[PDB]
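The numbers here are math on the coordinates, done by the rules we state, and not lab data. When we count neighbours, we look across all protein chains shown, and the Cβ atoms used for this are built from the backbone with ideal geometry, even at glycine.
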Amino acid sequence: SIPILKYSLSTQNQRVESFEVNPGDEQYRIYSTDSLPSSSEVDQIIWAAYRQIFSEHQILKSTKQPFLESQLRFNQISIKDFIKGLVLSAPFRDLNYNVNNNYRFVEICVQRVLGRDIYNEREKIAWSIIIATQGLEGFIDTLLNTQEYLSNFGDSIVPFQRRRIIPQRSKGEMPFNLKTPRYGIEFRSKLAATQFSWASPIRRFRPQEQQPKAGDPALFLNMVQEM
Amino acid sequence: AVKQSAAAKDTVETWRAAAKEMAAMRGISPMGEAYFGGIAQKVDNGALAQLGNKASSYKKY
Amino acid sequence: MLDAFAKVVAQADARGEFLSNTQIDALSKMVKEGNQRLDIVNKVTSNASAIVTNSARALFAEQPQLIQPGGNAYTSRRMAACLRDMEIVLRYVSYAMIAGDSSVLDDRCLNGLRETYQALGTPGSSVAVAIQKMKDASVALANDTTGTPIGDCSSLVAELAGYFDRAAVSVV
Amino acid sequence: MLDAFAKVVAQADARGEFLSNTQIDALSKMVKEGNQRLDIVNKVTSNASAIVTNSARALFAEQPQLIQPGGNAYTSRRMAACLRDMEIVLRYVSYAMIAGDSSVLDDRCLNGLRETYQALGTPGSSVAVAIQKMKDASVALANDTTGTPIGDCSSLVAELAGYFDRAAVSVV
Amino acid sequence: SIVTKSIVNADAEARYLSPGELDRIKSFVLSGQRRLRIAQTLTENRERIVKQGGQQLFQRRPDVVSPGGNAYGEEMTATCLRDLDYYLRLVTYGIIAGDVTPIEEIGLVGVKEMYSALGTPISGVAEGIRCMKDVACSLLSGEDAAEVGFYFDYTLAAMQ
Amino acid sequence: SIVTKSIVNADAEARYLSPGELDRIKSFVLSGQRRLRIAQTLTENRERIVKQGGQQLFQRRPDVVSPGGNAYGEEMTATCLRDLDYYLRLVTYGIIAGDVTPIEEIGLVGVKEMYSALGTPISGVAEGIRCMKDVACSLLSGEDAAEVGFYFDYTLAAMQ
Amino acid sequence: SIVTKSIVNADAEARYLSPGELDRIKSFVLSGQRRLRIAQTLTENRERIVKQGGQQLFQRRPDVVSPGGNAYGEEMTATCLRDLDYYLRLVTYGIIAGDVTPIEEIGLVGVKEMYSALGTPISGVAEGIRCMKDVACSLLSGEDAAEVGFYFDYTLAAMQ
Amino acid sequence: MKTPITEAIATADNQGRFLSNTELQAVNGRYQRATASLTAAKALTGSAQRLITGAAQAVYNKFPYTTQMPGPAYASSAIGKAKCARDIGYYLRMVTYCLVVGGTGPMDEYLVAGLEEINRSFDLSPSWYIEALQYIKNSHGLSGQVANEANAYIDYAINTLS
Amino acid sequence: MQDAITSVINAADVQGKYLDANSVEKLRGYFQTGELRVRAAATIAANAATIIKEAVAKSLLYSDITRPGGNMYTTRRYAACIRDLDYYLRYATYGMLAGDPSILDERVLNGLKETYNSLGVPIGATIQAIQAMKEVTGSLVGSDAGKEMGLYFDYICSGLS
Amino acid sequence: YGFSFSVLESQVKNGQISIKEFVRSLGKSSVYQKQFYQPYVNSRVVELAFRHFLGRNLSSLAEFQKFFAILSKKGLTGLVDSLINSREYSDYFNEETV
Ligand SMILES: C=CC1=C(C)[C@@H](Cc2[nH]c(/C=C3N=C(/C=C4\NC(=O)[C@H](C)[C@H]4CC)C(C)=C\3CCC(=O)O)c(CCC(=O)O)c2C)NC1=O
Ligand SMILES: C=CC1=C(C)[C@@H](Cc2[nH]c(/C=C3N=C(/C=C4\NC(=O)[C@H](C)[C@H]4CC)C(C)=C\3CCC(=O)O)c(CCC(=O)O)c2C)NC1=O
Ligand SMILES: CCC1=C(C)/C(=C/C2=NC(=C\c3[nH]c(/C=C4\NC(=O)[C@H](C)[C@H]4CC)c(C)c3CCC(=O)O)/C(CCC(=O)O)=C2C)NC1=O
Ligand SMILES: CCC1=C(C)/C(=C/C2=NC(=C\c3[nH]c(/C=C4\NC(=O)[C@H](C)[C@H]4CC)c(C)c3CCC(=O)O)/C(CCC(=O)O)=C2C)NC1=O
Ligand SMILES: CCC1=C(C)/C(=C/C2=NC(=C\c3[nH]c(/C=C4\NC(=O)[C@H](C)[C@H]4CC)c(C)c3CCC(=O)O)/C(CCC(=O)O)=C2C)NC1=O
Ligand SMILES: CCC1=C(C)/C(=C/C2=NC(=C\c3[nH]c(/C=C4\NC(=O)[C@H](C)[C@H]4CC)c(C)c3CCC(=O)O)/C(CCC(=O)O)=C2C)NC1=O
Ligand SMILES: CCC1=C(C)/C(=C/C2=NC(=C\c3[nH]c(/C=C4\NC(=O)[C@H](C)[C@H]4CC)c(C)c3CCC(=O)O)/C(CCC(=O)O)=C2C)NC1=O
Ligand SMILES: CCC1=C(C)/C(=C/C2=NC(=C\c3[nH]c(/C=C4\NC(=O)[C@H](C)[C@H]4CC)c(C)c3CCC(=O)O)/C(CCC(=O)O)=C2C)NC1=O
Ligand SMILES: CCC1=C(C)/C(=C/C2=NC(=C\c3[nH]c(/C=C4\NC(=O)[C@H](C)[C@H]4CC)c(C)c3CCC(=O)O)/C(CCC(=O)O)=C2C)NC1=O
Ligand SMILES: CCC1=C(C)/C(=C/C2=NC(=C\c3[nH]c(/C=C4\NC(=O)[C@H](C)[C@H]4CC)c(C)c3CCC(=O)O)/C(CCC(=O)O)=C2C)NC1=O
Ligand SMILES: CCC1=C(C)/C(=C/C2=NC(=C\c3[nH]c(/C=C4\NC(=O)[C@H](C)[C@H]4CC)c(C)c3CCC(=O)O)/C(CCC(=O)O)=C2C)NC1=O
């Protein structure tokens, strides 16, 4: 009954291994409910779930889920049922689902939930019909039953961005909250009449004759300060 | 010329039935709104300037 | 998602201005046509699967190269996808007819839809005529007067027409 | 992520020689200043929520159109997001002060912050105004001679000032 | 019209009209039946062409109608649509004259001096005529929409 | 300057300079000490005169900075203030030259062709210079504000 | 380029171009696809090729950056890397021109007069280009490194 | 915003179903109670400057320290009293926005979400705004079900702050 | 100042012979494209200001000829450009209708490159403006009509070089 | 350049002065002498006058010295009035033809 469009993979960091036994400093901190946390250390998991599935913004008083928080602390539901309550939360609909289309919302729910980037643009095409046929509640449980969710998160780990940085290096890739914001350039530009009409304030006035031209040694002073 | 007075000599009269129902949207009760993307751009809220008229509009008689 | 009432409010809160007295009356104009707004949608969802299969057969009375071997809508996965996309487009324009403006139509369905089909290889204008085979199967179905009494309601079916050709130019 | 000592180790790791005995004297001068470093950080992390709200209040009097109706930081959903956005910059500036080098400032904070203000439509020149509001509050609190011995700390507040105007030129 | 400036062209040159000038006065008068039909369409569609013309104008330029805009209130908005009724009328003259000569010396010559002296944004009134053009060309076939739209964009060009 | 066009005036007339022309070159050079002080005030106040200049410009013309305005976004608003830095610079030239001759052939001759061809509302940039004038004359005494403001309003006149 | 001096060679000799000259203009333009790929590699590697270029230059010549060296301080060291960005740019021109003719009349003709007149050790800047060469040839295959390195060592030869 | 229309649309694409008659009745009951709603939003907009300046004075009579304490959070300046009066302008404007669309959608989007984080960062006491809203709730002068609709969105603004 | 018909008549007249099959063969080729050229010259007349506004913003709007010291700094100098670019877009329209570039060198090209060198106008930036103006002109009139209008732009760019 | 002679377009469009009057006043204008008088020599100004106020080049050598000495002694206002007041202007253009 209409299987998914057979897309193709690509080259990424999460589908190879690291050879990192005893990983040093850039570990992304496995908060889990098999380490048996105290009641002040359940609270450091619930903040990490809110920071992963929302951004750091929407951890407001109105966007908290105080009945879903209590059922985690009674060990009634798991972490996998707690992430599913956060995408089906009514703050996640009106802030992150009404302001972008179905092909950008798949880029949110694979970067935050699976912790990997999208493979190519056909995977956003291949996944966006699941939201329009059986709904968002039918979209999350077919995304939380994938083998990429179970083989490194399972039923007890709040997800994270897997292999963001290369171990000898210090730059790496971009964090996913700074990769895909709440809305993009294509939703912002079409609404410039009703919403998003701001016009911009004045910049600091730089005079025009102080700007560097080709063959000026002031275009290399940022190179010299990195020496 | 006196048979054509006050109706057909007023070219702005024919659109008064529409331009004062097109202009009945988002009324502002205190002083201050129509912020328009975050600037002041306020209001006058009197009887005259809610119809948009000026000092050159009653002095035209 | 905004309905017809929220589009008035979101334009007035952006300017920080109240609602005027003559803009209340135009929304009070909308609610005395409220039964006439609703029972149009009581036609177009209650005969909704008839509108799909009549238009999808009659598209290949016009362009039978889609069902040709090598064509786009040839295979049984792809014939099940062509009836899928015409069921979704008919679903969102019924949502806009109960709203009053097209804001749920071009935020869910039509936004970024041309660039899907060009990356898929689906012919762009050849699905737009499938939408126009559903409009005349529905705006003639809206003018039918089974069960309801008689009054002039040509203004509302122009908006029901007005969603089907707003959606038609967004896939070409 | 590096500290100040890690950038001297990993530099000559690429050259592949042992660390020279005249480079140890530069690392031992750093640990003599290691306890004047720790109360620049303790001065700014303790008045942290009043560096933020006194700098936002000074911003919104100079540029009043950011908070007026139809402005960017207008509503109570978005005043809180603007107030968060200076807390994150003050967090990573104090992180790069306690490490001695800016390798965690431009990695988890500034890595594409400019390109998401073009997508959000936020005025990036005004975020660089409100960072220099916070620079002027934080170097005045690092000159506070209460509960601390008197000495010359001018070379370390000039390094804290360097991480403030690095994060200001990375959003414009 | 094409008749009057094809004359004053050959008038200045001390000569009569060439075949190039007289095979077009000829070609224009046989075109005259089709011109009156086109102007007849815009004549009794001014209720929709103007009112829907100011429809898109305010949705695209809410500043001019917002408080502080030039066409603010019940008063100026009525005059805000009055000018569009003017320019829609001159396009009916240009279609029947076969040239923008009626539109030239009425509503175009020195138009920037008037609107600058009235405080009206001249770019805003240019946006209004463009909104009327999409409504006008939507009322006619493709062969006609290449004409009725053709006179609007000339008015757009001279109005900026 | 007053020196160069008092010359080219008497140059065209095949004559030397009258006492009316030479008692003013004389009167202008003794005025030169006071002119450099006035231009020196505006020279290192461009940070406030421009930034507060664009302050009132956006509060009075939010359309130009709103979405759809010509100076919309981080980019155009920077250039939106760049032109004010230009015109503030030319006023410093006119004060030292004792005439709008520097402002004439820079930023005034054919200015309507540029801004019309850039899509910028020329009336909007005129509003910007007026906002700079109130900031500039607020920085000087009454005897000076009759000069520094005097060159702005000439730029206002030629810019519409 | 090879095209312009194969012409001016046969130009001076009062003759056309031989097969030896025209089978190489032919052979060069079919080589043009591969040249743009090579120059495209050095184009957006100037951040590493220059910064690592000045890396080995200071480790091999600490005198020039030490106090008393020509490139001492934050200022001169920035210009110290600026020249390497110049010469790295000219090598991209020579690769696309298929000759050091662009590098000849830019950065090579009379270069000793400039650097002697600037107080810069000309041998020191030659050491800088050699350090850039090892970084550049490390970015390309063996077939390409015989070219990209090939233009650097010509610059090394003329720079001493 | 959550209107009764946009939540009837929202349960349809929850399941991904068509609009049945389990959502047409939700829009039908909205059209019944919109005639006692837009008569309330008209009367609150018409007496808006009477209600706003009367509600600023009800705060200042109950809390007289706010008119005379120095500091930025209090209305003892000229600009402190202007920021107080536009706040009660904001609380009345979201009530008449909520009466028009028939639900708590606009004040969820614009007032409620993020309110605690700005009353704590700017030292604004939430008992000031309950006193500004309690003056409106029994001195708008409405009578009947037109009064019963204004006393459900003023009372929704109170229970956020309370 | 000859069109395609004038040039065909001249060459057939300069040998004193009648219009044979080869002379009329090209004339028939010109009459076939007569319908295309008018519509090409139609839209170019409509979007004259829009085309020049698009070319300068796409080629030389923000380059440092636009800034102080550049060749286009003062408002008189900027205003001379769009006046100057108007002739190139206008005379190219005449060549597109006449089907012969004789009018360009007769009224534009002669003394042009010798004039820009006098004023010090950069010929390099001028040609790229015309190239960008040629690029937008192919947008409006279509492909083949852009090929026709474009055929006279580079004729100006070639001789002006 | 957005130049304007509103007074002269006034007095010519009403017919208060001829085209010849409108042409002579244009010649003695300051936007003219800034254009075709200041950047040139009195030698070159005489030839550039003939291209404008007569539509032709100088004819002889004595036609130069007659008109150079006039410009030599009365400048632009003496030269353009001596061309507009000649017979050769009137034979081709009297008061109405540009
Ligand atoms: C579940 C959804 C639902 C509905 C559709 C309406 C159904 C409905 N419609 C009408 C009443 C009506 N319904 C219509 C509508 C129409 N008449 C026609 O001839 C056209 C075919 C069609 C519009 C396109 C009109 C015009 C009236 C008013 C009758 C009249 O004009 O006298 C009434 C009588 C009371 C009233 O006006 O509301 C009812 C119950 N109510 C509902 O609860
Ligand atoms: C974990 C908590 C922690 C701290 C808060 C610091 C606190 C601290 N600072 C100093 C020691 C010092 N602290 C300062 C600091 C200052 N003098 C000034 O005038 C400035 C206002 C200010 C910092 C900007 C100086 C200058 C010294 C050294 C005294 C000297 O060498 O003159 C010492 C004594 C160390 C010693 O005796 O060797 C301690 C405990 N260290 C810590 O481990
Ligand atoms: C889909 C299957 C798949 C592919 C195709 C793949 C490629 C791949 N090769 C990589 C690195 C690499 N590849 C090389 C290989 C070489 N460098 C040299 O100098 C030699 C010339 C050459 C081998 C002899 C090295 C050294 C790295 C690590 C770079 C580093 O960590 O410094 C990395 C970075 C992450 C890592 O450290 O493993 C990826 C993702 N990974 C995959 O999972
Ligand atoms: C937001 C609401 C929404 C829309 C509109 C949508 C469209 C959409 N239509 C698709 C495919 C398709 N769409 C069609 C439809 C057609 N091709 C034709 O030749 C006909 C003209 C027409 C049918 C009448 C076909 C055949 C495919 C299959 C392409 C494939 O599987 O290779 C796909 C690729 C996934 C798939 O269904 O296989 C998407 C994402 N998805 C959504 O979520
Ligand atoms: C990993 C560390 C990190 C960085 C670097 C970051 C930037 C960041 N700033 C954001 C929003 C924002 N930033 C601002 C800030 C401002 N707007 C203004 O008017 C002022 C000029 C300025 C501050 C006073 C506002 C108002 C939003 C909300 C966007 C919205 O909801 O429309 C957002 C979208 C939501 C959010 O998470 O807050 C991101 C992702 N976020 C992060 O998590
Ligand atoms: C036939 C050629 C022709 C035109 C075009 C014309 C225009 C014209 N427009 C006027 C006013 C006006 N025109 C506007 C127009 C506008 N406000 C906006 O926001 C929009 C941008 C724009 C309309 C689309 C306004 C607001 C006034 C009144 C200004 C005032 O009262 O100060 C007036 C003065 C009042 C009057 O006598 O009507 C004239 C004469 N006259 C003519 O003979
Ligand atoms: C010294 C005399 C002088 C002036 C005045 C001058 C103006 C000038 N303004 C420009 C752009 C611009 N100017 C504006 C200006 C504005 N937007 C608004 O809303 C306001 C009304 C207004 C400023 C107060 C904008 C938005 C652009 C960019 C337009 C675009 O990118 O298309 C450009 C093109 C980019 C550049 O090279 O800077 C020039 C040359 N040049 C000169 O030599
Ligand atoms: C495209 C060909 C080309 C070159 C090469 C070039 C060089 C050039 N190098 C300069 C300065 C300089 N160049 C150096 C260079 C160095 N110091 C060292 O220790 C090193 C050995 C060496 C660099 C690797 C220094 C220190 C100055 C500044 C000298 C001073 O300030 O007195 C200057 C004067 C400032 C300037 O305008 O940039 C020029 C023109 N110009 C050209 O057109
Ligand atoms: C539409 C949703 C919305 C709400 C609720 C909102 C509240 C809000 N009230 C504020 C300030 C304020 N509010 C008051 C109000 C009062 N102080 C008194 O003494 C009186 C008793 C009292 C009310 C009459 C004062 C004095 C300030 C300025 C405090 C400061 O800037 O530190 C500020 C700080 C920025 C400013 O306006 O200056 C916000 C964001 N803003 C919003 O956009
Ligand atoms: C019909 C054939 C024809 C042409 C083409 C023509 C050109 C021409 N261009 C001129 C100036 C000019 N032309 C430019 C043009 C430019 N600046 C740039 O940076 C660009 C590269 C370029 C625009 C594309 C400028 C700035 C001037 C003024 C020069 C000055 O004031 O010194 C002038 C001097 C007089 C005047 O403009 O009034 C002439 C005569 N004359 C003709 O009869
Ligand atoms: C310096 C002394 C001086 C004056 C005053 C002057 C006036 C003058 N006013 C004219 C026209 C005109 N004057 C007006 C004026 C008006 N219409 C009204 O309703 C008002 C009562 C009045 C404005 C106050 C109009 C409408 C025309 C055009 C007449 C036409 O086209 O027939 C004309 C015809 C030519 C032209 O404008 O180009 C002249 C010559 N000439 C001079 O040399």
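Provide, for segment I:1-135, the number of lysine pairs with alpha carbons under 21 Å apart, each pair being eight or more places apart or on different chains.
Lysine pairs, 8 or more places apart or on different chains, close enough: 4.
Under 5 Å between amide hydrogens, which residues at least 5 positions from J:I17 or on another chain qualify, with H placed 1.01 Å from N in the peptide plane?
J:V12
Please give me, ordered by residue number, the trypsin sites (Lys or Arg not before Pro) of segment J:26-98 that lie in loop per DSSP and have at most 13 other Cβ atoms within 10 Å.
J:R56
Please report, in Å, the Rg and the Dmax of segment D:61-150, where both are computed over Cα atoms only.
Calculated on Cα positions, Rg and Dmax stand at 15.6, 51 Å.
If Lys and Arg each add +1 and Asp and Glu each add -1, what is the summed charge of the other residues whose beta carbon sits under 12 Å from the beta carbon of J:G2?
After counting each charged neighbour, the total is +2.
Give the whole-number value, in cubic angstrom per residue, of the convex hull volume spanned by the C-alpha atoms of chain G.
Value for chain G: 107 Å³ per residue.
Does chain J come out rounded, prolate or oblate, given a ≥ b ≥ c as the square roots of the eigenvalues of its C-alpha gyration tensor, rounded meaning a/c under 1.5 and, failing that, prolate meaning a/b above b/c?
Oblate, because a/c is 1.5 or more while a/b does not exceed b/c.
Could you please report the charge total around C:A140, scoring K, R as +1 and D, E as -1 over all other residues with beta-carbon less than 13 angstrom from its beta-carbon?
Summing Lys and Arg as +1 and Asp and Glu as -1 gives +1.
Apply the Karplus curve 6.51 cos²θ - 1.76 cosθ + 1.60, θ = phi - 60°, to the phi angles in segment G:31-46 and return the couplings in whole Hz, x for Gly and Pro.
6, x, 5, 6, 6, 5, 5, 5, 5, 5, 6, 6, 5, 9, 10, 5
Below 8 Å between Cα atoms, with a sequence gap of 6+, how large is the relative contact order for segment C:118-172 in percent?
Relative contact order here is 64 percent.
D:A12 label point, 7 Å along Cα→Cβ, cut-off 17 Å on backbone N: hits in segment G:54-71?
Flagged as within label range: G:56, G:58-62.
Show log10 I(q)/I(0) for the protein assembly as shown at q = 0.06, 0.09 Å⁻¹, two decimals, from a solvent-free Debye sum over equal Cα scatterers.
Log-scaled intensity ratios, in q order: -0.81, -1.77.
Between beta-carbons, use under 12 Å as the cut-off and find the net charge around A:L221, counting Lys and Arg +1, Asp and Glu -1.
Combined, the nearby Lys, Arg, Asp and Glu give -3.
Just check segment I:44-161 against the gyration tensor rule for me: Cα atoms, a ≥ b ≥ c as the square roots of the eigenvalues, rounded for a/c under 1.5, and otherwise prolate or oblate depending on whether a/b exceeds b/c.
oblate
Can you figure out the FRET efficiency of D:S20 with G:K51, using R₀ = 22 Å and their beta-carbon distance, to the nearest 0.05?
Given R0 = 22 Å and the Cβ-Cβ separation, E is 0.50.
Could you grab the relative contact order for segment E:1-79? Cα pairs under 8 Å, six or more apart, rounded to a whole percent.
Averaging sequence separation for qualifying contacts and normalising by length gives 12 percent for segment E:1-79.
Test of understanding: in a Gaussian network model of chain C with alpha carbons linked when under 10 Å, which of C:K43, C:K29, C:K133 would top the mean-square fluctuation ranking?
Comparing C:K43, C:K29, C:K133 in a Gaussian network model of chain C, the most mobile one is C:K29.
From the Cα gyration tensor of segment G:40-131, with a ≥ b ≥ c the square roots of its eigenvalues, which class applies: rounded if a/c is under 1.5, or else prolate if a/b is larger than b/c, or else oblate?
Oblate.
Once you put a point 7 Å from the Cα of F:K26 and another 7 Å from the Cα of C:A140, both along the Cβ direction, what distance in nm separates them?
Distance between label points: 10.0 nm.
Work from the charge dipole of segment G:76-160 (Cβ charges, +1 for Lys and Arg, -1 for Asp and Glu, about the Cα centre) and give the residue of G:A136, G:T120, G:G94 farthest towards its positive end.
Most positive-ward Cα: G:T120.
For chain J, how many pairs of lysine residues have a Cα-Cα distance under 16 Å, where the two are 8 or more positions apart or belong to different chains?
4
Take the residue pairs A:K6/A:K80; A:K171/D:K29; A:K124/C:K133; A:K80/A:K171; D:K133/F:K51 and return only those whose Cα atoms are more than 20 Å apart.
Violating the 20 Å limit, Cα to Cα: A:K6/A:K80; A:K171/D:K29; A:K124/C:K133; A:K80/A:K171.
Viscosity 0.890 mPa s, temperature 25 °C: what is the translational diffusion coefficient of segment G:28-87 from Stokes-Einstein with a Kirkwood Rh over Cα pairs, rounded to a whole number of µm²/s?
In µm²/s, the coefficient rounds to 187.
Would you mind giving the three semi-axes, in whole Å and largest first, of the ellipsoid equivalent to segment D:1-102 according to its Cα gyration tensor?
41, 16, 9
Show me, for segment G:127-134, the HN-Hα J-couplings you get by feeding each phi into the Karplus relation (A = 6.51, B = -1.76, C = 1.60, θ = phi - 60°), rounded to Hz, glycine and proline as x.
5, x, 5, 5, 5, 5, 5, 5
At a Förster distance of 56 Å, what's the computed FRET efficiency of A:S62 paired with F:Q33, Cβ-Cβ distance as r, to 0.05?
0.25
Based on the Cβ-Cβ distance of G:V3 and I:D64, what FRET efficiency does E = 1/(1 + (r/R0)^6) give at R0 = 45 Å, to the nearest 0.05?
Given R0 = 45 Å and the Cβ-Cβ separation, E is 0.90.
Picking from C:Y163, C:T145, C:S126, whose Cα lies most toward the positive end of the charge dipole for segment C:121-169 (charges on Cβ: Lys, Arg +1; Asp, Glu -1)?
C:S126
Just going by the charge dipole of the protein assembly as shown, with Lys and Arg at +1 and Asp and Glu at -1 on Cβ, which of D:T75, H:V59, A:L95 is farthest out on the positive end?
Of the candidates, H:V59 comes out farthest on the positive side.
Using only alpha-carbon positions, what ratio does the radius of gyration of segment H:37-135 give when scaled by 2.2 N^0.38 Å?
Dividing the Cα Rg of segment H:37-135 by 2.2 N^0.38 Å gives 1.12.
List the trypsin sites (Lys or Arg not before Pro) in segment A:9-96 that DSSP assigns to loop (not H, G, I, E or B) and whose Cβ has at most 13 other Cβ atoms within 10 Å. Which are they?
The qualifying sites are A:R15, A:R29.
Using a simple spin-label model with points 7 Å from Cα along the Cα→Cβ vector, what separation in nm is obtained for I:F31 and E:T43?
Calculated label separation equals 3.9 nm.
Please compute the alpha carbon radius of gyration of segment A:74-227, then divide it by the globular-protein estimate 2.2 N^0.38 Å. Two decimals is fine.
Scaled against compact globular proteins, the figure is 1.45.
I need the GluC sites (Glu not before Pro) found in segment F:43-145, filtered to DSSP loop residues with at most 10 other beta carbons within 10 Å of theirs.
Those satisfying the criteria are F:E44.
How high is the relative contact order of chain E, in percent, with contacts defined as C-alpha pairs under 8 Å that are six or more residues apart?
Averaging sequence separation for qualifying contacts and normalising by length gives 26 percent for chain E.
Test of understanding: what is the full-extension gain from H:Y65 to H:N148, defined as 0.36 nm times their sequence separation minus their Cα-Cα distance?
Fully extending the segment from H:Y65 to H:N148 adds 26.5 nm.
Taking the Cα centre of segment C:42-172 as origin, sum charge times position over the Cβ atoms of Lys and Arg (+1) and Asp and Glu (-1), and report the length of that vector in debye to the nearest 20.
Rounded to the nearest 20 debye, it is 500 debye.
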